[PDB]
2 protein chains.
Amino acid sequence: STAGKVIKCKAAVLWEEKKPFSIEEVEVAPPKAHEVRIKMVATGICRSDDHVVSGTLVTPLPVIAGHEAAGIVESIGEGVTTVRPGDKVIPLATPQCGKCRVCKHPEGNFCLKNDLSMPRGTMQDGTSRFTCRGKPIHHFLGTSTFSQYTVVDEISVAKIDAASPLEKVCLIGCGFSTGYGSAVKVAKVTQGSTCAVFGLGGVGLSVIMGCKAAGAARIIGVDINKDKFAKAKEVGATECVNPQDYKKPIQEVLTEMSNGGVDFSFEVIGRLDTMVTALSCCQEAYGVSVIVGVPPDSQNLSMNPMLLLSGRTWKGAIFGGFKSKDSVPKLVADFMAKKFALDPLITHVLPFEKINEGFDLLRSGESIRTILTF
Amino acid sequence: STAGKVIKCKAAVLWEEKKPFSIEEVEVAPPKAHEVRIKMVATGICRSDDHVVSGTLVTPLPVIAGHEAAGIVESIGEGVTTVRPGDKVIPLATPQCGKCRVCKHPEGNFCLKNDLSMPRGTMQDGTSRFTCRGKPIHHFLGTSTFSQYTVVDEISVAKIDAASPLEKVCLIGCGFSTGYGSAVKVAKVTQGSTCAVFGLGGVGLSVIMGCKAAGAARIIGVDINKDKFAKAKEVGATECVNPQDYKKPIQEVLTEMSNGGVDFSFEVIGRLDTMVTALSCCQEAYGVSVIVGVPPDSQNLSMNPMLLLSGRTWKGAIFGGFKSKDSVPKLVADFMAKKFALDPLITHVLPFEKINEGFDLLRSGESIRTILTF
Ligand SMILES: NC(=O)c1ccc[n+]([C@@H]2O[C@H](COP(=O)([O-])OP(=O)(O)OC[C@H]3O[C@@H](n4cnc5c(N)ncnc54)[C@H](O)[C@@H]3O)[C@@H](O)[C@H]2O)c1
Ligand SMILES: NC(=O)c1ccc[n+]([C@@H]2O[C@H](COP(=O)([O-])OP(=O)(O)OC[C@H]3O[C@@H](n4cnc5c(N)ncnc54)[C@H](O)[C@@H]3O)[C@@H](O)[C@H]2O)c1
Ligand SMILES: OCc1c(F)c(F)c(F)c(F)c1F
Ligand SMILES: OCc1c(F)c(F)c(F)c(F)c1F
Ligand SMILES: [Zn+2]
Ligand SMILES: [Zn+2]
Ligand SMILES: [Zn+2]
Ligand SMILES: [Zn+2]
């Protein structure tokens, strides 16, 4: 068959920053002990993948990017117990080793085996499974889903329901779960509360979905692209505001709208200025602000700590606070049980070969999530 | 009687920054509607009073400072219902109006009638009850307790047990309650956790008391004055560290000591740099850091928001998160019942007339709390 053998397949290789992806043939080694080789079925285009192209996020190149996906197990290495050939799976960009102090903590999810804090771009064993034109190619976040086949560590993959539609549930691999959990789990939005959400992309829409599910009475969407407002209202924004329409800074506008500050605010963009704005707009004695967006590499923000001394809480999270391997199958089960919707996030579905076109739709403001199909 | 009449008495007036207090005769007007005139019995010297002298904390001058105190009601104005002449009371530097959105919120305590955010240095009605040399003198935080008699708004005073020892319980009016609440109420320190406390003055000692009460396993005190370590261990610190002993920055030292970051850290000094260090030293995925110290006026800190995105929570609070008028009598009742100790905080006692000597003791690093007696 293909098990135990090198696979030659198509992938999208990023050779350098700020260039289009190159679609070409790569060789994918078979999985070693505690590794899983996956035939991809669908992958989403997340703004974080674009951060790798833009240099906003630094990771070793050349690289196969992509992290929000779903596929089917082709083969397993020795010692693998949690998935089998033929299983539907979602790769986990935040792993769950189950052994580190974070995995063992009731509230921690940022497993210490992650490849985000100090990226190496390899498997856990420090080597790569990918070659292209005779050269080794790096992995990204232990996932690398812009390829017909990938290899992942077992701690970076979850088995999901055999009947799930992979072309939708790939979003549970990153953007949906990130936004929804940021609201319900990280902020712990309360019934009757007022919320402000900065950035109305796939992730911000998912934060709105969570705020609405948590029973917020008011959800104010904030974006400089007013074409984003109709969909934000559809998924539960009660009002939308464009900072460019006001003479005053938007923190002041939001503080006035909310009669002295909002209960919960969320930065879902990745800009330092909006992080400080979002903080400021929450009520000074009991407000909570959650950073979800990823800002550029190695840049510090400036703020007045009196913002905090009066009582505000400021926090951030990766992947909505969800312990990844425990939560992903449950979220897919909840989707199958119609507990939330994913279609509002999906604006375009393209063949994999049109990856560059998909990125152009995101950069231009025209898409939310484009799903690529293999 | 003195009821309805101007009282001539002694107070400590601050005519300008960076100068000694002037002990001299002032005129104290009678209380107007919903105001209370108090005969002071004891007041503590808190670092925040020194911040007024140094210009760290900006409030209008000339001023009668002092905010941590206890006394006996001399008279009440029209419509006062919560205290009576002869009652023992503690002035409340953070009011509790009971009517604003913060007072009604289950968590909030920084009442919107406070005089900290936009200091006026007046009574609630925008006027002063103090004259000296024929000139109006400002109030401080609606309390002004460096005077034989003061006048406070009813929302800034709590009745307390008639049998309580005023020369002790005055510390419930600021430093004790602030440190203790910061640990038990704001951080919500958990049993078996590791805590780091930056600054071992009267408030940092009360944070240690709180961490110990909450069942922390390890409580690491941090101070550049090693003379502070013996009392910090007496009240519950398990280890103390002086950053000046180390080649590496103290956040790295604490991260290594706690095998990857502490559960709860507290900044109890008032420096921008230690606020960021304290955040950094808590574990990146589930650590909590609370700012207690008062920063220098109008100065911003610089920080990397990746510290938050991994999962840290960062918050601050006034007065330990306690709703002031509800909480102060209960804290006094608990002191009377021996639920916590105040004596460890009291290192010096002086007559009021020796207030400048009490400030010299604070500035030299020799004292924790000096209590002044009228
Ligand atoms: N924390 C996590 O685990 C995690 C997971 C996924 C994505 N992210 C990050 O979340 C962010 C959002 O991702 P996405 O996929 O939704 O991106 P996106 O590009 O689809 O949406 C961002 C939105 O922000 C808006 N925007 C841009 N500048 C703005 C400004 N100054 N003011 C207000 N709105 C502004 C854009 O118009 C857009 O609608 C990114 O930074 C991404 O890297 C984080
Ligand atoms: N949030 C509130 O409600 C509230 C209430 C009370 C006091 N405060 C503030 O809390 C702070 C502490 O008050 P206090 O009365 O305990 O003061 P304090 O001056 O007695 O104690 C501060 C301690 O910090 C130490 N310190 C100084 N610089 C240091 C450094 N670089 N590293 C480590 N330690 C250092 C000093 O040696 C001292 O022991 C002050 O800023 C004060 O204004 C805040
Ligand atoms: O530097 C990259 C980087 C991130 F993009 C994060 F979101 C994060 F939490 C982190 F710790 C990190 F190191
Ligand atoms: O005149 C304005 C003014 C006041 F309203 C005061 F309350 C005060 F203390 C003071 F010194 C002053 F100048
Ligand atoms: Zn782990
Ligand atoms: Zn993503
Ligand atoms: Zn109030
Ligand atoms: Zn004080």
# chains A, B, ... in the order shown; residues from 1 in each chain; ligands from 1
call {"tool": "closest_atom_pairs", "arguments": {"of": "chain B", "to": "ligand 1", "cutoff": "10 Å", "atoms": "only C-alpha atoms and all ligand atoms", "output": "tab-separated table"}}
result
residue	atom	partner	partner_atom_place_in_ligand_line	distance
B:306	CA	ligand 1	1 (N)	9.9
B:309	CA	ligand 1	1 (N)	6.4
B:310	CA	ligand 1	1 (N)	8.1
B:311	CA	ligand 1	1 (N)	9.5
call {"tool": "interface_residues", "arguments": {"of": "chain B", "to": "chain A", "cutoff": "10 Å", "atoms": "only C-alpha atoms", "output": "PyMOL selection string"}}
result
chain B and resi 101-103+105-112+116-117+186+259-260+270+272+275+283-321
call {"tool": "atom_distance", "arguments": {"atom1": "atom CA of residue B:215", "atom2": "atom CA of residue B:237"}}
result
11.9 Å
call {"tool": "residues_around", "arguments": {"residues": "stretch 196-212 of chain B", "least_positions_apart": "2", "cutoff": "6 Å", "atoms": "only C-alpha atoms", "output": "ChimeraX atom specification"}}
result
/B:175-176,179-180,183-184,214-216,219-223,235-236,265-269,345,368
call {"tool": "residues_around", "arguments": {"residues": "residue A:374", "least_positions_apart": "5", "cutoff": "7 Å", "atoms": "only C-alpha atoms", "output": "list in words"}}
result
residues 40, 41, 42, 148, 351 and 352 of chain A
call {"tool": "closest_atom_pairs", "arguments": {"of": "chain B", "to": "ligand 4", "cutoff": "8 Å", "atoms": "only C-alpha atoms and all ligand atoms", "output": "Markdown table"}}
result
| residue | atom | partner | partner_atom_place_in_ligand_line | distance |
| --- | --- | --- | --- | --- |
| B:60 | CA | ligand 4 | 11 (F) | 7.6 |
| B:61 | CA | ligand 4 | 11 (F) | 6.8 |
| B:62 | CA | ligand 4 | 11 (F) | 6.3 |
| B:63 | CA | ligand 4 | 9 (F) | 7.2 |
| B:120 | CA | ligand 4 | 7 (F) | 7.7 |
| B:121 | CA | ligand 4 | 7 (F) | 6.4 |
| B:122 | CA | ligand 4 | 7 (F) | 4.9 |
| B:123 | CA | ligand 4 | 7 (F) | 7.5 |
| B:126 | CA | ligand 4 | 5 (F) | 6.0 |
| B:127 | CA | ligand 4 | 7 (F) | 4.1 |
| B:128 | CA | ligand 4 | 7 (F) | 3.8 |
| B:129 | CA | ligand 4 | 7 (F) | 7.6 |
| B:130 | CA | ligand 4 | 9 (F) | 7.1 |
| B:135 | CA | ligand 4 | 11 (F) | 6.9 |
| B:136 | CA | ligand 4 | 11 (F) | 4.3 |
| B:137 | CA | ligand 4 | 9 (F) | 3.9 |
| B:138 | CA | ligand 4 | 9 (F) | 3.4 |
| B:139 | CA | ligand 4 | 9 (F) | 6.6 |
call {"tool": "select_by_dssp", "arguments": {"residues": "stretch 170-315 of chain B", "states": "strand (DSSP E)", "output": "list in words"}}
result
residues 194, 195, 196, 197, 198, 218, 219, 220, 221, 222, 239, 240, 241, 264, 265, 266, 267, 288, 289, 290, 291, 301, 302, 303, 313, 314 and 315 of chain B
call {"tool": "write_last_selection", "arguments": {"atoms": "N, CA and C atoms", "output": "tab-separated table (two decimals), in the first residue's frame"}}
result
chain	number	residue	atom	x	y	z
B	194	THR	N	2.29	28.23	45.19
B	194	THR	CA	3.47	29.02	45.36
B	194	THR	C	3.17	30.50	44.98
B	195	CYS	N	3.56	31.40	45.89
B	195	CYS	CA	3.32	32.81	45.81
B	195	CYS	C	4.62	33.56	45.89
B	196	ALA	N	4.75	34.66	45.16
B	196	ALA	CA	5.90	35.54	45.29
B	196	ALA	C	5.36	36.92	45.63
B	197	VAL	N	5.91	37.60	46.63
B	197	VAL	CA	5.42	38.89	47.14
B	197	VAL	C	6.57	39.90	47.03
B	198	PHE	N	6.41	40.90	46.11
B	198	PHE	CA	7.45	41.88	45.92
B	198	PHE	C	7.16	43.07	46.82
B	218	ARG	N	4.25	27.64	49.58
B	218	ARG	CA	5.48	28.40	49.47
B	218	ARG	C	5.09	29.86	49.24
B	219	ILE	N	5.78	30.72	49.99
B	219	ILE	CA	5.55	32.17	49.90
B	219	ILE	C	6.93	32.81	49.90
B	220	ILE	N	7.36	33.31	48.74
B	220	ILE	CA	8.70	33.81	48.55
B	220	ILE	C	8.63	35.32	48.65
B	221	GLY	N	9.21	35.90	49.68
B	221	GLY	CA	9.30	37.35	49.76
B	221	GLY	C	10.44	37.94	49.00
B	222	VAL	N	10.28	39.08	48.40
B	222	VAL	CA	11.26	39.69	47.59
B	222	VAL	C	11.43	41.13	48.07
B	239	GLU	N	10.72	31.67	52.26
B	239	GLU	CA	12.04	31.98	51.76
B	239	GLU	C	11.98	33.44	51.44
B	240	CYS	N	13.09	34.13	51.48
B	240	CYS	CA	13.19	35.53	51.04
B	240	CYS	C	14.41	35.70	50.12
B	241	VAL	N	14.29	36.54	49.10
B	241	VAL	CA	15.32	36.79	48.13
B	241	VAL	C	15.47	38.27	47.92
B	264	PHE	N	0.94	32.63	41.90
B	264	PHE	CA	0.41	34.00	42.20
B	264	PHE	C	1.59	34.88	42.54
B	265	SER	N	1.69	36.04	41.89
B	265	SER	CA	2.68	37.03	42.29
B	265	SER	C	1.96	38.33	42.63
B	266	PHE	N	2.61	39.15	43.43
B	266	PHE	CA	2.03	40.44	43.92
B	266	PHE	C	3.09	41.49	43.87
B	267	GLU	N	2.77	42.63	43.25
B	267	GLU	CA	3.66	43.80	43.25
B	267	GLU	C	3.19	44.76	44.32
B	288	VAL	N	-1.20	34.07	37.88
B	288	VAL	CA	-1.96	35.31	38.15
B	288	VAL	C	-0.98	36.27	38.83
B	289	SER	N	-1.02	37.53	38.43
B	289	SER	CA	-0.18	38.60	39.04
B	289	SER	C	-1.11	39.76	39.40
B	290	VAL	N	-0.97	40.23	40.65
B	290	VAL	CA	-1.82	41.35	41.15
B	290	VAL	C	-0.88	42.53	41.49
B	291	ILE	N	-1.27	43.68	40.92
B	291	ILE	CA	-0.60	44.93	41.23
B	291	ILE	C	-1.38	45.59	42.41
B	301	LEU	N	4.20	51.89	31.79
B	301	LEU	CA	5.17	50.74	31.73
B	301	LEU	C	5.17	50.24	30.28
B	302	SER	N	6.22	49.50	29.94
B	302	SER	CA	6.36	48.85	28.66
B	302	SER	C	6.35	47.33	28.90
B	303	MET	N	5.61	46.57	28.11
B	303	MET	CA	5.62	45.13	28.26
B	303	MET	C	5.28	44.42	26.96
B	313	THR	N	-2.95	35.93	33.78
B	313	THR	CA	-3.95	36.95	34.17
B	313	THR	C	-3.19	38.01	34.93
B	314	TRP	N	-3.53	39.27	34.65
B	314	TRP	CA	-2.87	40.40	35.32
B	314	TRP	C	-4.02	41.32	35.79
B	315	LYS	N	-3.99	41.69	37.07
B	315	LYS	CA	-5.10	42.56	37.58
B	315	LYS	C	-4.54	43.45	38.67
call {"tool": "residues_near_ligand", "arguments": {"ligand": "ligand 8", "cutoff": "6 Å", "atoms": "only C-alpha atoms and all ligand atoms", "output": "VMD selection string"}}
result
chain B and resid 46 48 174 to 175
call {"tool": "residues_around", "arguments": {"residues": "residue B:325", "least_positions_apart": "4", "cutoff": "9 Å", "atoms": "only C-alpha atoms", "output": "PyMOL selection string"}}
result
chain B and resi 92+94-97+155-159+329
call {"tool": "atom_distance", "arguments": {"atom1": "atom CA of residue B:131", "atom2": "atom CA of residue B:34"}}
result
20.5 Å
call {"tool": "select_by_dssp", "arguments": {"residues": "stretch 195-329 of chain A", "states": "helix (DSSP H, G or I)", "output": "count of residues only"}}
result
56
call {"tool": "residues_around", "arguments": {"residues": "residue B:80", "least_positions_apart": "6", "cutoff": "9 Å", "atoms": "only C-alpha atoms", "output": "mmCIF file with N, CA, C and O atoms, in the first residue's frame"}}
result
data_model
loop_
_atom_site.group_PDB
_atom_site.id
_atom_site.type_symbol
_atom_site.label_atom_id
_atom_site.label_comp_id
_atom_site.auth_asym_id
_atom_site.auth_seq_id
_atom_site.Cartn_x
_atom_site.Cartn_y
_atom_site.Cartn_z
ATOM 1 N N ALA B 33 -25.002 68.624 55.956
ATOM 2 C CA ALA B 33 -25.872 67.472 55.774
ATOM 3 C C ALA B 33 -25.054 66.225 55.340
ATOM 4 O O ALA B 33 -24.173 66.325 54.482
ATOM 5 N N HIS B 34 -25.354 65.082 55.923
ATOM 6 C CA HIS B 34 -24.699 63.792 55.555
ATOM 7 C C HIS B 34 -23.180 63.823 55.720
ATOM 8 O O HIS B 34 -22.442 63.107 55.032
ATOM 9 N N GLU B 35 -22.715 64.591 56.689
ATOM 10 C CA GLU B 35 -21.295 64.667 57.059
ATOM 11 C C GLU B 35 -21.121 64.378 58.528
ATOM 12 O O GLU B 35 -22.071 64.478 59.313
ATOM 13 N N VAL B 36 -19.918 63.895 58.908
ATOM 14 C CA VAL B 36 -19.616 63.479 60.233
ATOM 15 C C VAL B 36 -18.305 64.118 60.681
ATOM 16 O O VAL B 36 -17.286 64.001 59.978
ATOM 17 N N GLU B 154 -20.605 60.879 54.997
ATOM 18 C CA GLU B 154 -21.146 59.655 55.582
ATOM 19 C C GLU B 154 -20.739 58.392 54.783
ATOM 20 O O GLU B 154 -20.504 57.325 55.379
#
call {"tool": "atom_distance", "arguments": {"atom1": "atom CA of residue B:258", "atom2": "atom CA of residue B:190"}}
result
15.6 Å
call {"tool": "residues_around", "arguments": {"residues": "residue A:224", "least_positions_apart": "4", "cutoff": "7 Å", "atoms": "only C-alpha atoms", "output": "PyMOL selection string"}}
result
chain A and resi 242-244
call {"tool": "write_last_selection", "arguments": {"atoms": "N, CA, C and O atoms", "output": "PDB file, in the first residue's frame"}}
result
ATOM      1  N   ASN A 242     -17.374  51.533  13.643  1.00  0.00           N
ATOM      2  CA  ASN A 242     -16.144  51.748  12.924  1.00  0.00           C
ATOM      3  C   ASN A 242     -15.389  52.922  13.536  1.00  0.00           C
ATOM      4  O   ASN A 242     -15.853  54.046  13.466  1.00  0.00           O
ATOM      5  N   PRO A 243     -14.236  52.676  14.193  1.00  0.00           N
ATOM      6  CA  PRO A 243     -13.463  53.776  14.795  1.00  0.00           C
ATOM      7  C   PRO A 243     -13.195  54.971  13.876  1.00  0.00           C
ATOM      8  O   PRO A 243     -13.115  56.103  14.344  1.00  0.00           O
ATOM      9  N   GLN A 244     -13.094  54.713  12.582  1.00  0.00           N
ATOM     10  CA  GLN A 244     -12.780  55.757  11.611  1.00  0.00           C
ATOM     11  C   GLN A 244     -13.920  56.756  11.468  1.00  0.00           C
ATOM     12  O   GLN A 244     -13.735  57.823  10.896  1.00  0.00           O
TER      13      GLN A 244
END
call {"tool": "closest_residue", "arguments": {"among": "A:52, A:100, A:73, A:57", "to": "ligand 5", "atoms": "only C-alpha atoms and all ligand atoms"}}
result
A:100
